[PDB]
Amino acid sequence: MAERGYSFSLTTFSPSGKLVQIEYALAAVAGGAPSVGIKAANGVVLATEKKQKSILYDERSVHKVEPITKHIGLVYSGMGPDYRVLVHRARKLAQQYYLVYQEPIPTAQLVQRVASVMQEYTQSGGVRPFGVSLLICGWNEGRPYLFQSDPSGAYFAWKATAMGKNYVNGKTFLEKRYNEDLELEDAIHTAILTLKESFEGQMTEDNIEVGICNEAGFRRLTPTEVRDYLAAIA
Amino acid sequence: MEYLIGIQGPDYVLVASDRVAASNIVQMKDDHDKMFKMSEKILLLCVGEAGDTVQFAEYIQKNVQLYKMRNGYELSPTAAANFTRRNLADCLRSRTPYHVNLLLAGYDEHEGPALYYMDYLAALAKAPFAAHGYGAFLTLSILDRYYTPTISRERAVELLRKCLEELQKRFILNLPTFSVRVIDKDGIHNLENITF
Amino acid sequence: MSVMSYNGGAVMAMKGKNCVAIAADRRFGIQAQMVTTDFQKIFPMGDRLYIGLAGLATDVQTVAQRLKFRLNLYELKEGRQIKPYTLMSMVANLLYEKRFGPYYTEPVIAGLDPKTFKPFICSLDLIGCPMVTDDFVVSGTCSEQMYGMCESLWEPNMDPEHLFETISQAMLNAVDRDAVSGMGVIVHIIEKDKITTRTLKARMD
Amino acid sequence: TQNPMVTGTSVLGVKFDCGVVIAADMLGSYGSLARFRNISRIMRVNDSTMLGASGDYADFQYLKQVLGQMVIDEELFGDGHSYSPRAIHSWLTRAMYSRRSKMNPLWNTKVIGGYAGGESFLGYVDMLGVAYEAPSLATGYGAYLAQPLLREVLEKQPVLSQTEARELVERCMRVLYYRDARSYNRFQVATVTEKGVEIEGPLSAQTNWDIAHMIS
Amino acid sequence: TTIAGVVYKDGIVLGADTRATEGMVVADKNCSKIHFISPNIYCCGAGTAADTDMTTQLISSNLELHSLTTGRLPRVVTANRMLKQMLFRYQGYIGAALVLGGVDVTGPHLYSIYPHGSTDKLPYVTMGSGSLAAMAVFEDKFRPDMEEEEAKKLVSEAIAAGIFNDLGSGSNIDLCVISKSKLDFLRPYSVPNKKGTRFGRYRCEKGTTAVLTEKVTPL
Amino acid sequence: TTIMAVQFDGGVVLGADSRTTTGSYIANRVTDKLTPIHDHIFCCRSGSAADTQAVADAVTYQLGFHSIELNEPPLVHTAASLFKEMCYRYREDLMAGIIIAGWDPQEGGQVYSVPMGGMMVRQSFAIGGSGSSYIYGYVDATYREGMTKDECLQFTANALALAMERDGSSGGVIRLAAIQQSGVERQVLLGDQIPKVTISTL
Amino acid sequence: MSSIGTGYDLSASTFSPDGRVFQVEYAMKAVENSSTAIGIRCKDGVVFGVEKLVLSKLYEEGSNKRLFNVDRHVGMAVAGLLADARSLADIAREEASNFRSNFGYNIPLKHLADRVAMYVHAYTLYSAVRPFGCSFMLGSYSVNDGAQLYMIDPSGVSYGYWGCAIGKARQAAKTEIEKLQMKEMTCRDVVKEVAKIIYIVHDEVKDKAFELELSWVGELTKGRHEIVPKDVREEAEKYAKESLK
Amino acid sequence: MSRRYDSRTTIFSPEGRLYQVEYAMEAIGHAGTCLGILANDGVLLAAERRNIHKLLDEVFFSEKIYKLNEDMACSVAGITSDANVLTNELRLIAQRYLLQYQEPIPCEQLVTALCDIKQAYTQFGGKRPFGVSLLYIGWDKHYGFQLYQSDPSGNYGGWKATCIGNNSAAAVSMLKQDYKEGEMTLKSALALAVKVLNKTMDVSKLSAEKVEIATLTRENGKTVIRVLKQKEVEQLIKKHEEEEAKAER
Amino acid sequence: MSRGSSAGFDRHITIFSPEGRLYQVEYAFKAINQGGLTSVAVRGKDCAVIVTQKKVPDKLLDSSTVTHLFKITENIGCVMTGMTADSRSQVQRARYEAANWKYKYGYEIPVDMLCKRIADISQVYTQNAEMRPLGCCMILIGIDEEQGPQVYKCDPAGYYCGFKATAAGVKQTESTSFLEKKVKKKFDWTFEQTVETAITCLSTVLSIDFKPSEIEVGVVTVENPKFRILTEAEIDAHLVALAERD
């Protein structure tokens, strides 16, 4: 018939360069799942916590490592429903680029467009902005790239960053550590070790999920493979 | 050679303009003098020629929009750009087979760069130019203008040349008019000259 | 460019290719049945510098397509640091034509430009539809497409010296100008090298 | 005949009103073009329990008139008073919708015969697709208008108090001319009687012509 | 410009066409690819006006990508069927795109032919354009019941050779496109039998018809 | 415009139809279906032209889809045929297509409904329709008797389809016949690759 | 039942911390105060009985109604706040009529019961509208699917029913329907059985005398919802008085 | 309920002005600073990114200064989030006006049009006004070289050197002190720009990663808008060392 | 858990908490607990089984929407778990979206895609408080075409991922750990066993047990990909076997 309810601003400016209600959203991604992203400089590899901690996981396509398109993949930390819309929206955006350019959407561009809805939800009454942060990968310009889009809509540029449990501590360890000039196989080994540092508990292959982006294209690594990398390194 | 007849020749320190006064219904001129020269400002002049009725509707919509630029800045707008801007709006209207096509003549003075004059076709083509005329009248003067003067020619010779041109329309053209208005522009302003 | 007819416009472009430069040769007059409005006026324009798009027929449509192309161009131009490639533009200009329904684009674009910051030649012509074309062979474009093309295919090599191509293109305008009914009134040659655009204004009335 | 833009047609609908009852006769033969697609078809609809409808003209345009009719009865029931329509209101509301429908390129010369008695008001109505609607003694439109209506009207003008029996023998005779003249049927009819209390209609039964037009 | 044909071994599709892209009926390009990749395992042969074929194929190209990525399950021809169906029906005619869609779908292998109007029908070999007949005549010779992948390649090179001879706008290379469950081959050249080339002689006139007088160098 | 027919048993239907879907003068595909996906439980008998059938077939899939889930799995025949009436209503004379709908709803017994290209929807005994059913009209009628029994329906229905492709100048090789029950829609192929002919004239 | 008048009902989009809105709980309470309206499904139809309040001898059938025909084959018996029950009848009347235009057959009640129950839940969701304050039964006889009886609560649950009653004593009436086998009955015997239950269940604290009005959609009304025929009404009326005694 | 709260977004407060508009200015204070300076033959924008982090990859090299058009440039002072929406509106307006106008977009015209949207939200729609003040730099013929400043309050201002973002009062005076009316040329002005950014930041140490510098300089027939690569800015960071001496002397 | 602190007008609005909690969603969990419905779901390779309790207030019922097993498409089937009012509205929304998919996709939809469409729609509810989220929980079961039988579970919010075996209802966590032991012990997946293992688990967690008539089992077998309800007879076949099984 019609709906009203809540249509006045719910968000008030705090002197910090951010609003109060968005700041709270960033704590939400912190209590979210561990996800790590490191740019290997010959592809980008992104790794995420497979589990939602029930430890019955049986993945064959239900992943949180998802190809949007030919060379873009997304792994996230935070909310499930909020993420599904970003994935559906991302394909429409990538393709929007694919129609005009005949190449899909660069990392920078995809970020600008996803970011505008996340802010929209803030300023408006009767909505709340996402609780999701994205680790976005891509191969554009002849270089691998990795961007971080936060639940606010702000963007921070990162060659390596960590999300989930102990995210803050995660960023400083990466800032010092981050590597480049890595072979594909090595890319996986470094990524898994960084995931060990963020994520607690058991890792086997139904606890962590890995996806790689390189020249051939983004794909999502089979549960057998992840296991071989995990064992290999200290 | 397109529609109705107008001619303007800038010598880049003078502008010579004459336009027909004639919004004709049937075979009689319901009034003698009729406005085809419109003043947006005292230092911008638009001479619209084409259809009698179409010229007026097009001008008024743009004219309130022109005023809006003046209202905000409280200095002159870029007049060369505003006469082009209406033209871009008429490029969108051109895909449609409806006729709303206006042969326009912009005289304007801009502050900083100087004077600008722009030519508009009914095919819609913007040119800064030494002299251009719209319709049949373009046809009448363009060929003598290389030969008989310069693009720096004297006001006297211009005016004699113009008087003769308007008499050639009565004499030769199937469209004569026994009232034409003549206005002379110096380097900044409109002067109203003697009707012929 | 064009591949539509106007008797209110109509102009002619022939382009031929070097190997690290591409040349575009252009008339500089404008016509309109029994009407002219300029001795000299620009048709191909930059919008990210040392690349060109031409729009031909009457002057409003020329200006319109080019600005509109820039509208599509600028987002990629901002997002990345490096200025857009030739490949990206070829599809973009085609997307601009494609935007319209059944009565397509008022000019029918041919694009010529070096790939940004690198010395890779490109020539393409497009149709007024969304039909995708890759070209890098040679392109000639206008209403009388076949006439710009036969001479422009004839003159070059796929490695001449730059100068040899420029003298060829000057001549290319002249034999073309005898081939059209009277359409002339000044000749412009554009050589696109690496970061520099050579512009030449040829002699005539 | 007299039927712009038709495909499946009901040929002819008799309607003659007598004192408290109407007899309408309509053929079972329902031509989809020249071919008689259905040899038996009941072209009698139930508006209501207290109303009845019988229709002539294109049969596709009739199913459209049926969906519109149907909702109007629903509206009246809809209140909760549980009223049965009046013949004039339902037929009349639709006559307006036939004024609107002309302008778009689909044509209607759709013709229905409403007899009802409901609420306390007795109507005989005829509603058209061009929207000639009126109260009447007898009416029929479209193809009915070209051949049976004038003989039916000629008898009706000095004797305006024809009865259902005199009309019965006449209906049988006229439909004999339809099997022979019209190219949309070869006989067989349904006899429908509308009353102001119940809707009655025995099923379509064959009838067959009588020859005597090869003597001279 | 685009004349397309397909054959069935007993699997899914090898789609064949001769290359050339035209600006109207004048060649823009001698021979560059016009049997197209959509994102990564659906290919479309085209006929009629090439143009409607490309843009319809591109929207559909968007929609199948949405289903593949979540499922990890083959590109859905029926999805792609429906979108085209929907666009063409509203007007009752809006452009002519005659399309040979072909992908092995999650369940059965599914081959579609979309004409200018709407359709919803499901054949298994279709040859398109006004030269459908020329393409079909190679297949009807070569292919009795059952064929193999290599054998299907040989009919396909032959269907593409026929269109080149029938309409000179199609010319040069025979392109063969293998479309499967997860193998999608696009390789320009599959048969060089002709080729559009530049001259071995050179004549062009230098300065005896050339006219110049001014130069400047803007960026 | 290939023939469409559905002949009445009294608990299930048998349809029979001829194949060729045509791109004007030239036949484009004669390896097609005449009972494609219209739902997942429902059948319609299709021929005519590819577009006339298709627009209707999809709207009925979408409405049928809502009907089946809410009611409990089987839809109503009468509901389904009305949806097709709507498409035809706009395109009255534009589309010559007429669809032959045959089912077993939870309404009761076997019902055969004829949805016209006008906008007409009717439940009847058996009709065969198309733009070419002003051509095989005699042949259906002789086969059609009061309560034509199933075993009889297989020979009669197939034959009517055979009579069509041989005679037809809008017919074509292979009759593909469709028998519908509450189990789903089932197609069979009776060959004509192998030589079957409705006996020649002198 | 949970609800407090302060907190978590000060907007009609506020979800309560218990999982069920206070407003929906309030809507059910109003049904509980009102009179008993019964509708029992038979093998050959459905028989309705709703008591029509008489406060004056000036009143005719139009005053204090609770039998609507949503369609003209489908009936609606409501109980609770009359004001919202009649408005939902009007939107429902429209919803049925549009269905008949498109679909063209006696509507199957199973489809109605899902669409209406979801609509009743929608009003709990939205701020511009508040939940419906009645529980109602939808009842039909058709040949497409037979006799059908569904009841929708103001929560926006649809469940299927053999025979339900809603009133001042919902549980006592339903046990009484259980005792009797409608399997043994045809539509004629059911009219007697509805009639008694309405008199006993209902407790006067707000009535003063009521008139029982009953409706058939059955055998002697041919798949359209008409008021009870006279013979049936008199058979029904005697038994109701006899059952008291 | 909703009727028992305050936030005084569309409702005027005891002040005579809304809370939401005044609060937006506070958020702008603790976010990265943007300044635009005037030169004789160009105009330039220099900005501090919202990233205080020690490691950036440079995926998008516009994280503060976005070049809208080939005739215009902008900076962001405030939250990057509200900027994202605004950036997309600007790429369209800036190019639309240009299609029609065929003349480099006037700096004034752009801001007044934009400011109208900023005020529209606070007054009606029940949305808060954007937390971003955008610093526009452009050139048109009839004012010359320009810098205009945009607010969430719908206030515009015609400036020759101004700064908005963090520690703005200090910043505008510091630009006035070093740079008078029409004094300093384009190259020497780029140095001045970095010098004020080094002093005023949310968090100290000025590096290539923390700064992005943009030039509007009119080239041969076209007005060229470029965002300088990290490499070029670095040559200016040493130039900024030289500039500190030069202001004093 | 948290009840949140306000700094906005968070108290009756879904907008953030310092936990990251959304108020309306947390209230959506209490809606599950209102219905009384708990479901145990098991994945195999022969079939995907969903088994859930059927509510009886009285014995005068028709089973057409008393049922909490729903046909969300002919091959893939589902149950709604939680409060029955919220369930009916969600089923209704989903079916119109499902039919939309039918117009777009043209065929039988993958389990991964079906859960993803419902998830996006429920993102609209979750972000709003204009319209409160529907506090039902859906476990979709069905055979994804190449992969096999799948059991996916969406929350009121819409969080979905794959699992070896899943549970929904009054308490997810307690039901899952009981199910986890059943999963470790990994039985030979054939028709009788997968149904039986599902049935044993739902009965152990309640400690009330049931008769076959009291539960509704819905399977998607490799035998017929159609979504099928067993009914009183077929479930009974498992129950009698189950008694003899230890």
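Everything here concerns the structure above.
Okay, so let's go over this structure.

What counts and what doesn't
- Residues numbered from 1 in each chain as written, not as in the entry; some residues may be left out.
- Chains lettered and ligands numbered in written order.
- Part of a larger assembly, values for the part shown.
- Heavy atoms only, no water.
- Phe/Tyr/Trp six-rings, centres within 6.5 Å; stacked < 30°, edge-to-face > 60°.
- Helix = DSSP H or I, 4+ residues; strand = E, 2+ residues; numbered from the N terminus.
- Buried < 20%, exposed > 50% of the residue type's maximum accessible area, 1.4 Å probe, protein only.
- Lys NZ or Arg CZ within 6 Å of the ring centre and 35° of its normal.
- Expected span 1.5 Å × (residues − 1).
- Contact = heavy atoms within 4.5 Å.
- Axes fitted to C-alpha atoms, helices over the stretch in contact; angles between N-to-C directions.
- Parallel < 35°, antiparallel > 145°, perpendicular 65-115°, else oblique.
- Nonpolar A, V, L, I, M, F, W, Y, C, P; charged D, E, K, R; others polar.
- Salt bridge = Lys/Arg side-chain N within 4 Å of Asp/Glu carboxyl O.

Here a ring pair, both rings aromatic, is described through the centre-centre distance and the interplanar angle of the planes. This model, assessed by the stated rule, comprises 33 aromatic pairs over all chains. For the pair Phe 56 of chain B and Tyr 59 of chain B, a centre-to-centre distance of 6.2 Å together with 55° between the ring planes defines the contact as tilted. Here the residue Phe 56 of chain B and the residue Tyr 59 of chain B both occupy positions in helix 1 (residues 52-73), the gap between them amounting to three residues, near one helical turn. Using a relative accessible area of 37% as the deciding quantity, one classes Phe 56 of chain B as partly exposed. Looking at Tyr 59 of chain B, the relative accessible area reads 8%, which means it is buried. Relative to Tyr 66 of chain H, the ring of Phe 60 of chain H lies with its centre 5.8 Å away and its plane at 80°, an arrangement referred to as edge-to-face. Pair check on accessibility: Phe 60 of chain H and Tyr 66 of chain H agree, each one buried. One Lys or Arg, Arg 145 of chain B, reaches over the ring of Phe 129 of chain B and ends 5.1 Å from the middle of that ring. The ring of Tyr 146 of chain B has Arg 145 of chain B sitting right over it, with the charged end atom 4.2 Å from the ring centre.

This paragraph deals with helix 5 (residues 191-206) of chain I. Residues and elements named next belong to chain I. Taking 1.5 Å per residue, 16 residues should reach 22 Å; helix 5 reaches 24 Å between its end C-alpha atoms and fits that length. In terms of burial, helix 5 is largely enclosed, as 12 of its 16 residues are buried. Among all positions of helix 5, only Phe 191, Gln 193, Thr 194, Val 195, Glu 196, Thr 197, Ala 198, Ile 199, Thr 200, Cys 201, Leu 202 and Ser 203 are buried. Considering only its buried residues, helix 5 is in contact with strand 1 (39-43), strand 2 (47-53), helix 4 (172-184), strand 9 (215-221), strand 10 (228-229) and helix 6 (231-244). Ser 207 sits one or two positions beyond helix 5 and adopts a positive phi of about 55°.

What follows concerns the packing of helix 1 (residues 50-71) of chain E against helix 3 (residues 111-127) of chain I. It is at 8 Å that the axes of helix 1 of chain E and helix 3 of chain I come closest, and there the two elements cross at 110°. Classified by the angle their axes make, helix 1 of chain E and helix 3 of chain I are roughly perpendicular. Only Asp 112, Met 113 and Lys 116 of chain I of helix 3 of chain I make contact with helix 1 of chain E, whose side of the interface consists of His 66, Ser 67, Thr 70 and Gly 71 of chain E. Broken down by class, the residue content of the contact of helix 1 of chain E with helix 3 of chain I amounts to one nonpolar, four polar and two charged.

Once that is clear, we can look at the pattern of salt bridges. Taken as a whole, this structure holds 89 salt bridges over all chains when the rule is applied. Residue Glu 75 of chain C is joined to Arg 113 of chain A by a salt bridge in which the shortest nitrogen-to-oxygen separation is 3.3 Å. One end of the pair, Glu 75 of chain C, is in helix 1 (residues 59-79); the other, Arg 113 of chain A, is in helix 3 (residues 107-123), on a second chain. Just as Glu 75 of chain C is buried, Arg 113 of chain A falls in that class too.

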